[PDB]
Structure formats: C-alpha cells, structure tokens
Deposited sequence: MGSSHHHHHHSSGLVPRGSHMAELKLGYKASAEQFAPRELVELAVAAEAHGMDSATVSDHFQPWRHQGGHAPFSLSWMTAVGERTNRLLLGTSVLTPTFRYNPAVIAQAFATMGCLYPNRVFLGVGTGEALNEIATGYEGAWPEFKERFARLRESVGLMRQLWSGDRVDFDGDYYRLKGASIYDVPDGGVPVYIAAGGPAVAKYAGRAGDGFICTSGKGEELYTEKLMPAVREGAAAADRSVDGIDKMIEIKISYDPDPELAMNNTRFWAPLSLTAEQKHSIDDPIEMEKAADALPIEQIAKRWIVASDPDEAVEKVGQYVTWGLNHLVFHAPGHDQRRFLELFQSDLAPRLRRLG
C-alpha cells in the first residue's frame, strides 16, 4: 500500500557479509521501516557481493519489523525462477508479512560471469523473460500443482509445499515507461531510482504506472511506489561530496550498466567519470532542511516508499544523522 515508509539500502557492492547484516540491524535500531539489498554475483577495488538471500534471512532472523527484499534480483538467467519462488515463499513463512521480491530485467555482467552462453539478449527478450517468470512464480505461490510450458521456462507437476499466507509481493523495477507500465498492470510494488531528472518521474514513470494500473482495472493507490533516494547528506561538505566517488558505476549510461559483460570494461568506464559528474546523481547537502526538500519532491511526484542509499563507508554515521536530522522532517 501507499502510506509513507522510510527504509534503508544495504549495499552488497560495498560491504562484507557480516557488516552488511549488522548495518541492516542498525537500520532497525534507527527507525527504518524496511531494508533492501542489491543482488549481484559481483560488484573490484573495495568491492564485495554477499549473497542477497543469506542477507535477507540473517537480517530477518535478527529483526522484528523491517520489511525485507531485493532491489533488485534477476529471476530469469543464473537463477531458476522455481527456486526463487521456493526461496521467497520460505522466507515469507519465516518472517510473516515482512518479505518482498524485487525483480529487474537483468545485467550482462552478473549473467556472463556465471556462465551465460551466446549473445546477451536484447531488452525486448529480457522484459518478456521477466513477465513470464513473474507469472510462473505466482502460479507456484498458489500452493497448487503447476504445469508450465512458456517460451523460456518450464515446470512439470511442481508445487511449493510451504507458502506464506499473504503470498510473496512482487515489486517491479523500471528505468523506463515500458516496464513501469508492466509494474502498474501486474506489480504489487514498483521500484525506481532517484537523481535522473524531474522529467523521468513525472513525464515517463508515474504516468506509465497509472496507465498500467488503469489498463488492468487497478487502484493506483494499492501499489507500493518505492524509490531508492541517492542521498549524500553530511554536515561536513567534503564528506558529502567525496563519499559519492565509490558509486561512479551508477553514473554510467543505462546500456553500459545492463550490457557491458566485462568487469574490466566496467571499472574502466566508471573510472573515466569525473566526481563532479558522479555527484549530479546524488542529493549532496549539508543542510537538513534543504536535503528533505529535495527528497520531498519525489513524494510530490507520487512516490511513497523511500529507501535511502547513502554513499559512504561509514554507514552508522549516516543512520545517526538520518534519525536525528532527516527522519523527523521526512515523517513530516
């Protein structure tokens, strides 16, 4: 649903497994409503990739209220969607009403590295694979026996024996109108990322979600509209600026992010970015009122679940500042 939530982005790219879990526990301690993790097989310099589903489970077992999920996981290539259905159904049983599945169309880098053969599929196929996998998983979460024969995936007499009462809510990530519309039509949730220009949110994404919801005769209000807020808020401006540097890959173009299959190629192109250009993606701020005004814009544009990704290694510092300075304002 579309009440205001404030959550925390746990960056698997930046931290080792134990630290990544403990940070999410600190996020609960600091009042966050949710925590979400990137799902990567590999991020190199100061790089990490703890297994996302182990992070979800460890934090679940250590926490009481956080909604937990992926932002996002590709359920279409290295991961068998039936096994993903089983994994998240299990987690859903273990942490009732606290689990979601965040899905995307995929990145060449994860999939080529783990053994994908032949040409990296074009966007259209990655989208069709995504749609087909989501329906496959949903049929499985009914808890009945499923026979499935799609263009891409198959099941023969398959059941998930252990299914949560509230099902497994599916959040669909989009950087463009096409998948946003699919999200409005079919998603329990919708995910985007901040910093990419007022136009993308108001002119492409939000109207696409409304279009999809309308098209499928759905209340737009019942879709959780989630966004990862790229915020570099620190009373120390040097840190606010300098903390963004680690995150240069996020400032590469959409096609470099999805299609570069070589991690050497990827780090080169990230390294090529001047910090001033990196920073444009981020809310760089030393004043808490100004920071919240920038975030508040997304709430005006129709987003209701705001998940804060802070760029620096000192995440506990971020959480302290979030709790004392940002959250009271953000709540309103």
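Counting from residue 1 of the deposited sequence, the stretches lacking C-alpha coordinates in this chain are 1 to 20, 64 to 65, 355 to 356.
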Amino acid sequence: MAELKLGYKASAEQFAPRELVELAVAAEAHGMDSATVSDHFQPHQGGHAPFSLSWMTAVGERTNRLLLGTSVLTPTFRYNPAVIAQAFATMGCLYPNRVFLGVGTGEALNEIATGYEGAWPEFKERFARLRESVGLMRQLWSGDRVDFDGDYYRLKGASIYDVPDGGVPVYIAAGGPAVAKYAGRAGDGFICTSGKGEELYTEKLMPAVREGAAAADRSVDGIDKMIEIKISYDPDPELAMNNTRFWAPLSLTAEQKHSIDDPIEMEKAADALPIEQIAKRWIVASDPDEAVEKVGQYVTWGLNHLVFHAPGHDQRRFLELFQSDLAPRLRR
From here on, numbers count along this sequence of modelled residues.
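Two stretches are in play, 192 to 200 and 130 to 138, and the higher mean C-alpha B-factor belongs to 192 to 200. For the pair 320 to 328 and 5 to 13, the mean B factor over Cα atoms is greater in 320 to 328. Between the residues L68, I264, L53, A49, it is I264 that shows the highest Cα B-factor in the PDB record. Across the residues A89, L101, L205, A173, the deposited record lists the maximum Cα B factor for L205. When the modelled residues of the chain are ordered by C-alpha B-factor, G167 sits in the middle third.
Annotation for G187: C-alpha temperature factor in the middle third relative to the rest of the modelled chain, per the entry. For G302, the recorded CA B-factor ranks within the middle third of the chain. Only modelled residues enter the ranking. Placement of the Cα temperature factor of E61 within the chain: lowest third of the modelled residues, per the deposited record. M241: CA B factor lies in the middle third for its chain, per the PDB record.
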